[PDB]
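Only one structure is covered here, and it is reproduced in the block below.
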Amino acid sequence: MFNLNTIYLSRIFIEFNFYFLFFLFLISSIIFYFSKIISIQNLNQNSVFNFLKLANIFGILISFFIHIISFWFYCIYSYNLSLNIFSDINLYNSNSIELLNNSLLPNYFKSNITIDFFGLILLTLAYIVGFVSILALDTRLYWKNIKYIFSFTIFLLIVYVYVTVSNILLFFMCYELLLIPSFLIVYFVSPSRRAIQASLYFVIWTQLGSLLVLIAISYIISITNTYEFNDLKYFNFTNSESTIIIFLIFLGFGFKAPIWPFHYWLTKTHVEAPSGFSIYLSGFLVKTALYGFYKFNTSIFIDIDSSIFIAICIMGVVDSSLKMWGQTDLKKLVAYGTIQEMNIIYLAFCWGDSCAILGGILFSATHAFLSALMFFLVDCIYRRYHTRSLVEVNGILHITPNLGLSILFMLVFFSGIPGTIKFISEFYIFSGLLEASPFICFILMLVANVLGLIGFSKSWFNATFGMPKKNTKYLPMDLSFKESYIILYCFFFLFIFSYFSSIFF
Amino acid sequence: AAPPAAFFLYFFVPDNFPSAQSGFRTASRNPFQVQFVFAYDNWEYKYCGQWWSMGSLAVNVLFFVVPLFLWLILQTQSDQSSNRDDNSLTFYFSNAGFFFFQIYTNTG
Amino acid sequence: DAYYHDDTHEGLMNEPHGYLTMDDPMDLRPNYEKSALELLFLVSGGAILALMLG
Amino acid sequence: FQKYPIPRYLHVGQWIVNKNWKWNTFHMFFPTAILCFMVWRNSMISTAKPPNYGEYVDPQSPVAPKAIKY
Amino acid sequence: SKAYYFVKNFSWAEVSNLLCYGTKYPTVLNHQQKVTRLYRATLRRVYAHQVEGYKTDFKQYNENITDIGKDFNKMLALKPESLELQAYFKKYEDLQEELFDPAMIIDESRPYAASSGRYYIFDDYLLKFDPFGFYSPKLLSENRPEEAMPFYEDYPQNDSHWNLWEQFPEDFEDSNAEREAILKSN
Amino acid sequence: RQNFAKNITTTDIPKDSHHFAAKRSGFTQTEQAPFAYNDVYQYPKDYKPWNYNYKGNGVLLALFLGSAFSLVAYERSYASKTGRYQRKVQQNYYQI
Amino acid sequence: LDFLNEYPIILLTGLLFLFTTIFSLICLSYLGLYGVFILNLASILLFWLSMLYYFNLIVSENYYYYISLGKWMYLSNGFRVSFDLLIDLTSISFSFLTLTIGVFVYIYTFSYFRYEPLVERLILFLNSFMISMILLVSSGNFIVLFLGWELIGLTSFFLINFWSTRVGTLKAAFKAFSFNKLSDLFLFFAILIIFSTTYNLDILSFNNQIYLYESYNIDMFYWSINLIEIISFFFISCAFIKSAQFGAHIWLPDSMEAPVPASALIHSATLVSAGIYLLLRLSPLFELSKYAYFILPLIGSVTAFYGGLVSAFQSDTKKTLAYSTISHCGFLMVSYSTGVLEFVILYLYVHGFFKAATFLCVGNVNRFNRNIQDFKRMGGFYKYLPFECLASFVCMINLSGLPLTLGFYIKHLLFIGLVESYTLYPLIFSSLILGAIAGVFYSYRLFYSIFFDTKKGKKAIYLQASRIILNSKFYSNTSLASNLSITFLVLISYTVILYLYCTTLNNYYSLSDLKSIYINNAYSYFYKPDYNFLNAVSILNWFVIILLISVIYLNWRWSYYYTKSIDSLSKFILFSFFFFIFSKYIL
């Protein structure tokens with residue numbers, strides 16, 4: 001009983017959600033600019049900043065809500081579309097349906113909107129992680145730097161255009177557009193003094209990766225004078241060009257999604273960056289490298305052996321997981337966990353368009369929520385005890401017990417109890433790897449799920465237990481409602497997304 | 001041992017907005033603890049080639065040659081997959097560039 | 001035991017006490033973080049119930 | 001161990017006695033029993049059992065195990 | 001006496017020194033201090049093996065402690081540089097080593113005992129803490145301003161900053177009553 | 001720093017003034033001037049700081065209505081899926 | 001009623017227990033000490049009664065149930081797994097023992113920790129551990145089995161490290177945590193191999209189609225390994241880590257600083273039995289495995305000998321019980337290597353019941369001695385803990401396997417079915433014989449040193465427990481509830497063990513089907529034994545008699561009764577000879 005109404009519902013919702021967000025951003029920006037002369041906080045009760053804050057929060061939430069309904073529409077649409085071509089067995093008829101255009105708004109950037117499952121998963125992750133991160137940045141924004149309240153709406157708009165285009169050039173441009181806001185946030189909002197050099201490291205590594213990706217994109221564009229993913233079906237690349245392109249895109253996207261030899265920038269940036277932006281960087285930003293690579297991996301025929309890339313990813317996993325024991329800073333430990341699971345996800349895209357991509361797609365969201373939760377816990381500890389080092393804080397239980405309980409439950413979920421999506425993603429990827437490489441699968445499993453887990457658990461257990469004897473005059477209070485609800489929502493999302501529709505994945 | 005007199009401390013950017021949660025009560029820090037906090041970040045090697053023998057030479061060499069070992073093991077198991085007609089380590093191209101669950105519609 | 005003291009006589013036997021949350025019961029601030037997070041939970045649950053189950 | 005004071009502001013569980021524990025026990029026990037009854041009632045739909053004593057499974061009956069026609 | 005014999009990365013020499021003498025560095029002790037500490041350690045070990053033992057013989061225990069007392073009384077009157085005193089030290093350190101038990105009974109009153117530090121004791125700073133005023137009265141002024149200081153509000157426990165503009169009841173009458181009254185007057 | 005106003009207009013802050021009485025008389029030549037306001041917060045006496053003091057029915061009613069709508073919507077969807085105006089109920093049901 | 005037989009209420013009562021435990025954990029402020037105690041006691045009693053009703057039906061009659069709660073997770077493209085429970089003989093055998101021991105430990109745990117500030121936390125942790133273990137043994141597919149495996153490791157990490165203010169206990173808990181992570185890795189790799197082979201996770205189906213893959217091989221990078229061998233290797237490795245066999249046992253003695261109810265649950269059935277359960281759950285796989293055939297008897301016998309001899313030298317009561325548990329786990333491994341699945345269940349039940357009772361008695365003694373667990377500072381405790389003395393005597397004579405007790409029969413059954421075809425048979429048999437005789441030594445040492453030696457303890461204990469003002473009808477050094485718990489536990493243990501003995505060891509075989517098709521001739525030497533076998537068992541009988549004479553009549557100290565002790569030994573020898581002559585030849 002699928003008809004045209006659902007098709008047009010899905011398309012209209014996809015386009016109109018973007019225009020909703022854009023009009024919110026434009027109105028709030030106009031109000032901010034034209035209300036005062038200098039555009040800085042007035043430090044009184046009637047500051048425009050207040051309104052702006054609410055506006056931004058409002059919009060994201062509302063857009064997310066619309067997105068959810070929008071997302072559901074797509075699912076049904078996609079499902080039935082497949083059916084409409086699976087059951088067309090008569091040789092005389094063919095599915096020839098041509099749609100119209102909405103008469104209210106123009107197509108942004110003169111392009112036709114096309115969407116896929118992994119793009120909408122990325123958009124949902126952007127929505128949720130941006131909401132959490134902007135909630136975790138209230139205290140950092142103050143006199144003379146309130147403008148960066150607008151950063152996450154800009155991120156949402158850019159990622160929307162990124163995921164809703166079949167233009168490979170606009171794809172690359174939207175991928176490139178994400179650097180300036182990130183650098184500005186690290187430069188102007190971070191409180192630590194060491195963050196000035198960390199931003200430079202972030203910029204230089206990420207831009208080297210972007211330069212490699214740019215070389216590959218220029219290669220593809222010049223050889224095939226086209227900007228559509230479809231036209232690549234009618235042009236063949238020789239062995240040399242295919243090898244050059246695959247190496248360039250792998251290295252360039254592995255600079256951002258940190259492969260083994262390039263994670264120094266990520267470690268420094270997480271150690272020095274503000275907590276909210278750290279949540280955004282681990283939860284969502286690195287995933288932008290997985291998406292683009294996937295697209296460029298799937299549109300080209302490559303006739304090379306993926307053993308070198310698989311070995312690089314596995315070396316990343318082993319190197320990151322072996323370094324967890326000797327970490328006393330909790331934020332660095334969370335960064336290393338992020339590195340190991342990012343490399344695990346990046347491994348799943350080393351077999352092309354095979355069924356290995358489903359585990360990677362699910363584990364991207366799994367890591368997004370796990371990293372958001374871990375960095376939020378680190379932020380709570382840092383704001384409570386004014387430190388994030390095991391040698392300075394322990395016995396988080398017995399004083400503010402809710403934080404300790406959250407730490408222990410986070411450890412359980414990271415260990416991967418069979419009731420959540422971490423176990424599902426591990427099962428997918430490890431089944432495929434065991435069939436593809438048994439000894440490699442065993443080695444990777446032992447290194448990741450035992451040694452790294454033991455180091456992680458030692459560093460986190462020692463902080464939770466003990467006696468907080470040092471400074472009783474300055475000991476803090478327990479969690480607030482905001483932090484409790486954020487942690488509970490992360491747990492709930494993991495457990496309940498273990499129940500998503502099986503048509504996908 | 002006497003408490004340290006000079007060590008790396010915490011630093012903040014100019015005009016930083018302080019964190020004032022839970023009444024904004026900050027205690028004095030322990031010099032040994034701060035020294036440990038900032039020691040590893042500022043640690044550096046002293047002469048060229050010091051790393052190789054630092055700790056265990058055999059263990060360090062084994063750690064250094066890990067990626068080659070992984071590549072060789074993958075090559076051997078690829079040999080095993082080739083004769084059994086198993087999944088090889090290649091970028092499979094069976095969907096002709098069609099994405100996973102992608103809307104493919106026309107206008108007009 | 002020999003010299004047991006009942007709860008009424010025991011002055012160090014506690015009744016339920018303590019603040020559940022760091023939030024001030026008599027806060028005079030128009031804070032909306034809690035309302036936003038309850039909106040998130042309630043709308044997610046409603047979207048699950050009204051769109052996905054059956 | 002000898003009892004020692006616990007701060008009033010802490011929501012911790014050392015040496016706590018609730019004077020209204022009987023009604024709370026009632027109001028936590030009975031709805032729990034009802035919820036478990038509903039779960040069990042739902043689960044008995046998907047419960048299997050071997051044939052009873054003195055009964056045999058006819059191999060040609062629909063309930064008997066089946067193969068696949070290729 | 002802190003019983004941290006095995007929970008620190010000690011060598012046997014350090015543990016033997018701590019068992020025989022109450023310190024890791026017996027070279028900083030006087031002659032009388034060393035003699036008395038060795039006598040106490042020897043008597044403690046003999047009691048731990050011949051009174052609180054497996055099949056304890058009281059008569060043998062009395063004989064051994066009498067002999068040990070005679071020997072240590074001889075030890076006390078000797079001179080520190082004498083070789084006989086060094087031989088006595090070596091003999092009784094060997095006795096302490098030979099009766100060493102990896103499963104020593106540690107008194108529960110010692111700092112690093114098996115049941116030590118099982119409870120966190122709250123001091124008066126935590127007992128008197130009440131930010132919100134349910135248990136202890138809280139002023140609407142939030143503090144008492146001391147002289148030579150300005151009157152400032154206390155920092156709240158939750159600095160959320162996720163606040164709206166000031167909320168007013170609907171149809172709130174907020175006309176400039178004073179200005180209108182004065183302008184009407186003149 | 002916080003900059004919001006504390007003298008709200010929506011309601012009057014619950015307080016009492018018997019606690020912390022001022023001196024106002026019998027001063028010496030060396031002691032300090034007495035304080036001015038001295039009012040303290042007053043709690044409703046039925047407030048439990050260790051649990052939500054929630055006595056409403058809105059959340060339960062909303063969740064119940066959502067679940068009931070889910071049930072009726074599923075019934076309609078199943079009836080439509082079988083090509084019927086309403087569900088045809090069999091006379092006997094068996095274990096799955 | 002036929003409705004009860006057709007639709008089990010075990011699920012309803014177990015769900016009630018689980019939900020009450022979780023809600024008590026969350027809503028602990030509404031329920032005080034008494035509220036939590038009463039609520040969880042009601043739930044656990046209802047669960048125990050329902051499972052006791054169904055125990056007879058599942059064991060004697062051929063009743064078992066397959067319950068599905070619903071589709072749970074997608075684990076492959078187009079594949080979904082459901083939450084399945086299998087209530088059969090193998091599952092109920094572990095679950096009933098766990099539930100009974102847990103009920104009595106629960107009642108005892110209130111008297112223990114009588115005035116501690118965190119009794120509720122301990123009670124709820126014990127409930128959580130029991131729930132996890134019961135869920136583990138009732139698994140219907142491999143995913144639920146893995147969930148239970150990870151849950152028992154996690155909840156035991158919290159019973160250990162209960163004193164969370166100490167990092168010393170944190171180290172001990174972290175040791176077990178690391179060993180459990182290794183166990184989880186091994187189990188999950190084995191499950192991955194199984195799913196890659198057969199593309200299913202249902203246990204029952206796996207037990208019926210694995211024989212079709214006996215002649216299969218897998219390609220490791222330079223090796224071609226038989227499929228059954230590698231799967232059995234990984235399963236046996238994780239079972240060895242959980243059951244604390246030799247080498248991987250070091251985490252278990254360090255687990256003894258947990259409160260004694262947690263030790264009673266952990267060391268008697270539950271955790272240490274988990275590995276054994278795995279061997280019983282997947283019997284055909286290990287029947288078709290060469291690695292199991294070689295490794296189960298050798299490692300089992302070495303573990304039995306090692307634990308038995310180390311236990312006899314311990315002075316800490318909890319350490320003695322822990323090493324006895326290690327020895328009995330080795331004996332259970334050997335009993336499984338026998339090939340008779342009934343003997344394994346009998347050994348499991350007997351050891352679990354009597355070990356739990358011994359832990360309870362030892363815990364009361366330790367509480368009296370003010371947290372000093374070494375009996376070098378005990379002695380003459382009979383007049384202060386008389387019930388503990390007598391109940392402990394009964395429990396130790398049953399646990400040590402002394403002649404004319406219930407624990408004698410499991411040892412005898414183990415020695416009936418031992419296979420003599422192993423290459424390393426001499427070492428295995430010597431280890432088994434040396435470990436069998438070690439029970440008398442540690443049982444005698446524990447009982448005599450705690451209760452009937454000279455006063456080796458501090459004067460404060462004896463003198464403060466004996467003041468004139470304390471003379472009353474209410475006088476006691478323990479609680480009445482502890483005595484009632486131990487008494488009822490012993491009575492229920494005797495009843496259940498006698499029922500199982502009747503079901504398995506009678507001439508009329510009454511036990512339900514064990515779903516195994518590997519049958520050997522072990523029962524023949526139980527049904528129709530021959531002369532040389534009887535002589536061989538008499539040899540070990542006389543060895544035990546000599547050891548008993550040694551522990552009774554040896555004087556290690558001077559005493560006023562030394563000469564009379566020698567005279568009494570001579571009198572006993574002469575009287576035994578004359579009594580034998582009279583009983584055998586004339587009248």
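Ordering of the structure tokens sets the chain letters (A, B, ...), residue numbers begin anew at 1 in every chain, and ligands are numbered from 1 in the order given.
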
What lies within 7 Å of range 42-54 of chain E using only C-alpha atoms, ignoring chain neighbours under 6 positions off, as number ranges by chain? E: 61, 96; G: 376-377, 456

How would the residues just chosen look if you wrote them out with C-alpha atoms as a PDB file, in the first residue's frame?
```pdb
ATOM      1  CA  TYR E  61      58.808 -22.242  75.192  1.00  0.00           C
ATOM      2  CA  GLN E  96      64.255 -14.319  62.553  1.00  0.00           C
TER       3      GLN E  96
ATOM      4  CA  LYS G 376      46.838 -20.261  65.526  1.00  0.00           C
ATOM      5  CA  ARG G 377      45.036 -17.642  67.648  1.00  0.00           C
ATOM      6  CA  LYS G 456      45.973 -19.893  71.960  1.00  0.00           C
TER       7      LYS G 456
END
```

What's the 6 Å shell around range 11-20 of chain F, counting only C-alpha atoms, without same-chain residues fewer than 5 positions away, as a ChimeraX atom specification? /F:38-42

Export of the given selection (N, CA, C and O atoms) as a PDB file, in the first residue's frame:
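Everything below was put into part24.pdb:
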```
ATOM      1  N   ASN F  38      18.285  39.113  58.027  1.00  0.00           N
ATOM      2  CA  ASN F  38      18.219  37.971  58.938  1.00  0.00           C
ATOM      3  C   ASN F  38      17.181  36.914  58.563  1.00  0.00           C
ATOM      4  O   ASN F  38      17.111  35.884  59.244  1.00  0.00           O
ATOM      5  N   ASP F  39      16.378  37.120  57.523  1.00  0.00           N
ATOM      6  CA  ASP F  39      15.365  36.137  57.158  1.00  0.00           C
ATOM      7  C   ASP F  39      16.013  34.871  56.606  1.00  0.00           C
ATOM      8  O   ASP F  39      17.058  34.919  55.953  1.00  0.00           O
ATOM      9  N   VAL F  40      15.382  33.723  56.870  1.00  0.00           N
ATOM     10  CA  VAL F  40      15.910  32.445  56.407  1.00  0.00           C
ATOM     11  C   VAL F  40      14.828  31.687  55.650  1.00  0.00           C
ATOM     12  O   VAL F  40      13.634  31.952  55.791  1.00  0.00           O
ATOM     13  N   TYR F  41      15.271  30.738  54.829  1.00  0.00           N
ATOM     14  CA  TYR F  41      14.362  29.945  54.013  1.00  0.00           C
ATOM     15  C   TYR F  41      13.524  29.008  54.875  1.00  0.00           C
ATOM     16  O   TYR F  41      13.975  28.501  55.905  1.00  0.00           O
ATOM     17  N   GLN F  42      12.289  28.772  54.436  1.00  0.00           N
ATOM     18  CA  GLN F  42      11.372  27.862  55.112  1.00  0.00           C
ATOM     19  C   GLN F  42      10.892  26.820  54.115  1.00  0.00           C
ATOM     20  O   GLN F  42      10.349  27.169  53.063  1.00  0.00           O
TER      21      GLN F  42
END
```

Write down, as a VMD selection string, each residue of chain F that has any atom within 8 Å of an atom of chain A, counting only C-alpha atoms. chain F and resid 3 to 5

Using the chain letters and numbers from this document, which residues of chain F does DSSP assign to helix (DSSP H, G or I), as a list in words? residues 58, 59, 60, 61, 62, 63, 64, 65, 66, 67, 68, 69, 70, 71, 72, 73, 74, 75, 76, 77, 78, 79, 80 and 81 of chain F

What gap, in Å, lies between CA of residue 95 in chain G and CA of residue 133 in chain G? 7.9 Å

Find the spatial neighbours of residue 71 in chain F, counting only C-alpha atoms, within a cut-off of 12 Å - ignore same-chain residues fewer than 3 positions away - and output them as a JSON list (two decimals) with N, CA and C atoms, in the first residue's frame.
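Result written to selection30.json:
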```json
[["chain", "number", "residue", "atom", "x", "y", "z"],
["C", 49, "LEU", "N", 6.97, 4.94, 20.37],
["C", 49, "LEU", "CA", 5.66, 4.33, 20.58],
["C", 49, "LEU", "C", 4.74, 4.54, 19.38],
["C", 50, "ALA", "N", 4.72, 5.75, 18.82],
["C", 50, "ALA", "CA", 3.74, 6.12, 17.81],
["C", 50, "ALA", "C", 4.20, 5.86, 16.39],
["C", 51, "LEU", "N", 5.43, 5.39, 16.18],
["C", 51, "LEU", "CA", 5.94, 5.24, 14.82],
["C", 51, "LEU", "C", 6.55, 3.87, 14.55],
["C", 52, "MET", "N", 7.11, 3.23, 15.57],
["C", 52, "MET", "CA", 8.03, 2.13, 15.32],
["C", 52, "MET", "C", 7.59, 0.77, 15.81],
["C", 53, "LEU", "N", 6.84, 0.67, 16.91],
["C", 53, "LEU", "CA", 6.59, -0.65, 17.50],
["C", 53, "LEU", "C", 5.82, -1.58, 16.57],
["C", 54, "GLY", "N", 4.54, -1.28, 16.35],
["C", 54, "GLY", "CA", 3.72, -2.14, 15.51],
["C", 54, "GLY", "C", 4.13, -2.09, 14.05],
["F", 64, "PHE", "N", 0.54, 6.46, 29.12],
["F", 64, "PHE", "CA", -0.56, 5.53, 28.91],
["F", 64, "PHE", "C", -1.30, 5.82, 27.61],
["F", 65, "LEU", "N", -1.54, 7.10, 27.32],
["F", 65, "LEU", "CA", -2.22, 7.46, 26.08],
["F", 65, "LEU", "C", -1.37, 7.11, 24.87],
["F", 66, "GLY", "N", -0.05, 7.32, 24.96],
["F", 66, "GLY", "CA", 0.83, 6.92, 23.87],
["F", 66, "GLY", "C", 0.80, 5.42, 23.63],
["F", 67, "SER", "N", 0.82, 4.63, 24.71],
["F", 67, "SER", "CA", 0.78, 3.18, 24.55],
["F", 67, "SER", "C", -0.55, 2.71, 23.97],
["F", 68, "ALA", "N", -1.66, 3.31, 24.42],
["F", 68, "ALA", "CA", -2.97, 2.94, 23.89],
["F", 68, "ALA", "C", -3.09, 3.32, 22.41],
["F", 74, "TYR", "N", -1.58, -0.18, 15.77],
["F", 74, "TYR", "CA", -1.15, -1.50, 15.31],
["F", 74, "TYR", "C", -2.35, -2.33, 14.87],
["F", 75, "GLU", "N", -3.46, -2.25, 15.60],
["F", 75, "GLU", "CA", -4.65, -2.99, 15.20],
["F", 75, "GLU", "C", -5.12, -2.55, 13.81],
["F", 76, "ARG", "N", -5.16, -1.24, 13.58],
["F", 76, "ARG", "CA", -5.56, -0.73, 12.27],
["F", 76, "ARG", "C", -4.59, -1.17, 11.18],
["F", 77, "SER", "N", -3.28, -1.12, 11.46],
["F", 77, "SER", "CA", -2.29, -1.52, 10.47],
["F", 77, "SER", "C", -2.40, -3.00, 10.13],
["F", 78, "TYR", "N", -2.62, -3.85, 11.13],
["F", 78, "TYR", "CA", -2.77, -5.27, 10.87],
["F", 78, "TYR", "C", -4.04, -5.56, 10.08]]
```

Given a cut-off of 8 Å, which residues of chain G touch chain C, counting only C-alpha atoms, written out as an mmCIF file with N, CA and C atoms, in the first residue's frame?
```
data_model
loop_
_atom_site.group_PDB
_atom_site.id
_atom_site.type_symbol
_atom_site.label_atom_id
_atom_site.label_comp_id
_atom_site.auth_asym_id
_atom_site.auth_seq_id
_atom_site.Cartn_x
_atom_site.Cartn_y
_atom_site.Cartn_z
ATOM 1 N N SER G 29 16.423 4.037 49.179
ATOM 2 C CA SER G 29 16.094 5.002 50.223
ATOM 3 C C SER G 29 14.704 4.772 50.803
ATOM 4 N N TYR G 30 13.765 4.275 49.994
ATOM 5 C CA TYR G 30 12.429 3.981 50.499
ATOM 6 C C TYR G 30 12.444 2.779 51.433
ATOM 7 N N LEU G 470 26.310 -11.903 82.079
ATOM 8 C CA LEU G 470 25.806 -12.395 80.804
ATOM 9 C C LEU G 470 25.065 -13.720 80.918
ATOM 10 N N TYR G 475 21.610 -15.827 76.459
ATOM 11 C CA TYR G 475 23.042 -15.837 76.201
ATOM 12 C C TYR G 475 23.360 -16.655 74.958
ATOM 13 N N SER G 476 24.217 -16.104 74.101
ATOM 14 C CA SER G 476 24.675 -16.776 72.894
ATOM 15 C C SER G 476 25.800 -15.960 72.281
ATOM 16 N N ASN G 477 26.770 -16.652 71.693
ATOM 17 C CA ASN G 477 27.843 -16.002 70.954
ATOM 18 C C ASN G 477 27.565 -15.936 69.460
#
```

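Residues in contact range of residue 26 in chain D, defined as at most 12 Å between only C-alpha atoms, with sequence neighbours fewer than 2 positions away removed, read residues 20, 21, 22, 23, 24, 28, 29, 30, 31, 32 and 33 of chain D; 20, 30, 31, 35, 36, 38, 39, 40 and 42 of chain G.
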
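In chain C, the set of residues within 9 Å of chain A (atoms considered: only C-alpha atoms) is residues 19, 20, 21, 22, 23, 32, 33, 34, 36, 37, 38, 39, 40, 41, 43, 44, 47, 51 and 52 of chain C.
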
Selection to disk with N, CA and C atoms, as a PDB file, in the first residue's frame:
```pdb
ATOM      1  N   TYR C  19      20.578  15.307  49.723  1.00  0.00           N
ATOM      2  CA  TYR C  19      20.007  15.860  48.506  1.00  0.00           C
ATOM      3  C   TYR C  19      20.227  14.896  47.351  1.00  0.00           C
ATOM      4  N   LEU C  20      19.155  14.605  46.614  1.00  0.00           N
ATOM      5  CA  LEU C  20      19.262  13.701  45.476  1.00  0.00           C
ATOM      6  C   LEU C  20      20.139  14.293  44.381  1.00  0.00           C
ATOM      7  N   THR C  21      20.026  15.596  44.153  1.00  0.00           N
ATOM      8  CA  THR C  21      20.698  16.269  43.055  1.00  0.00           C
ATOM      9  C   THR C  21      21.361  17.537  43.575  1.00  0.00           C
ATOM     10  N   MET C  22      22.431  17.954  42.894  1.00  0.00           N
ATOM     11  CA  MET C  22      23.125  19.191  43.226  1.00  0.00           C
ATOM     12  C   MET C  22      22.260  20.424  42.992  1.00  0.00           C
ATOM     13  N   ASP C  23      21.130  20.286  42.306  1.00  0.00           N
ATOM     14  CA  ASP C  23      20.278  21.431  42.014  1.00  0.00           C
ATOM     15  C   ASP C  23      19.626  21.975  43.281  1.00  0.00           C
ATOM     16  N   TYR C  32      16.473  26.008  32.200  1.00  0.00           N
ATOM     17  CA  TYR C  32      15.688  25.149  31.319  1.00  0.00           C
ATOM     18  C   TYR C  32      16.447  23.925  30.815  1.00  0.00           C
ATOM     19  N   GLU C  33      17.625  23.623  31.365  1.00  0.00           N
ATOM     20  CA  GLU C  33      18.356  22.436  30.929  1.00  0.00           C
ATOM     21  C   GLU C  33      17.584  21.162  31.258  1.00  0.00           C
ATOM     22  N   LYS C  34      17.022  21.098  32.467  1.00  0.00           N
ATOM     23  CA  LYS C  34      16.246  19.934  32.873  1.00  0.00           C
ATOM     24  C   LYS C  34      15.045  19.732  31.961  1.00  0.00           C
ATOM     25  N   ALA C  36      14.698  20.731  28.876  1.00  0.00           N
ATOM     26  CA  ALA C  36      15.166  20.297  27.564  1.00  0.00           C
ATOM     27  C   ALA C  36      15.475  18.805  27.551  1.00  0.00           C
ATOM     28  N   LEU C  37      16.119  18.301  28.605  1.00  0.00           N
ATOM     29  CA  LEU C  37      16.452  16.879  28.622  1.00  0.00           C
ATOM     30  C   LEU C  37      15.211  16.007  28.804  1.00  0.00           C
ATOM     31  N   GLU C  38      14.244  16.460  29.608  1.00  0.00           N
ATOM     32  CA  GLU C  38      12.984  15.726  29.692  1.00  0.00           C
ATOM     33  C   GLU C  38      12.246  15.742  28.361  1.00  0.00           C
ATOM     34  N   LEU C  39      12.308  16.856  27.629  1.00  0.00           N
ATOM     35  CA  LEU C  39      11.752  16.875  26.280  1.00  0.00           C
ATOM     36  C   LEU C  39      12.421  15.830  25.406  1.00  0.00           C
ATOM     37  N   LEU C  40      13.749  15.741  25.477  1.00  0.00           N
ATOM     38  CA  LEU C  40      14.461  14.740  24.690  1.00  0.00           C
ATOM     39  C   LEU C  40      13.948  13.336  24.999  1.00  0.00           C
ATOM     40  N   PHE C  41      13.917  12.970  26.285  1.00  0.00           N
ATOM     41  CA  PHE C  41      13.442  11.637  26.664  1.00  0.00           C
ATOM     42  C   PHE C  41      12.002  11.396  26.222  1.00  0.00           C
ATOM     43  N   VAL C  43      10.011  12.909  24.006  1.00  0.00           N
ATOM     44  CA  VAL C  43       9.765  12.893  22.570  1.00  0.00           C
ATOM     45  C   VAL C  43      10.371  11.650  21.933  1.00  0.00           C
ATOM     46  N   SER C  44      11.546  11.211  22.401  1.00  0.00           N
ATOM     47  CA  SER C  44      12.109   9.972  21.874  1.00  0.00           C
ATOM     48  C   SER C  44      11.203   8.783  22.176  1.00  0.00           C
ATOM     49  N   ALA C  47       8.081   9.026  19.972  1.00  0.00           N
ATOM     50  CA  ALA C  47       8.385   8.658  18.596  1.00  0.00           C
ATOM     51  C   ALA C  47       8.544   7.153  18.454  1.00  0.00           C
ATOM     52  N   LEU C  51       5.434   5.395  16.181  1.00  0.00           N
ATOM     53  CA  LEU C  51       5.936   5.243  14.820  1.00  0.00           C
ATOM     54  C   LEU C  51       6.548   3.875  14.547  1.00  0.00           C
ATOM     55  N   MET C  52       7.105   3.226  15.566  1.00  0.00           N
ATOM     56  CA  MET C  52       8.035   2.134  15.317  1.00  0.00           C
ATOM     57  C   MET C  52       7.586   0.766  15.806  1.00  0.00           C
TER      58      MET C  52
END
```

Kindly determine which residues of chain A lie within 8 Å of chain D, considering only C-alpha atoms, and give the answer as an MDAnalysis selection string. chainID A and resid 398:401

Write a file of the just-selected residues containing C-alpha atoms, as an mmCIF file, in the first residue's frame.
```
data_model
loop_
_atom_site.group_PDB
_atom_site.id
_atom_site.type_symbol
_atom_site.label_atom_id
_atom_site.label_comp_id
_atom_site.auth_asym_id
_atom_site.auth_seq_id
_atom_site.Cartn_x
_atom_site.Cartn_y
_atom_site.Cartn_z
ATOM 1 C CA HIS A 398 31.974 7.419 48.794
ATOM 2 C CA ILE A 399 31.754 11.113 47.866
ATOM 3 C CA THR A 400 29.394 12.018 45.015
ATOM 4 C CA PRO A 401 28.431 8.349 44.437
#
```
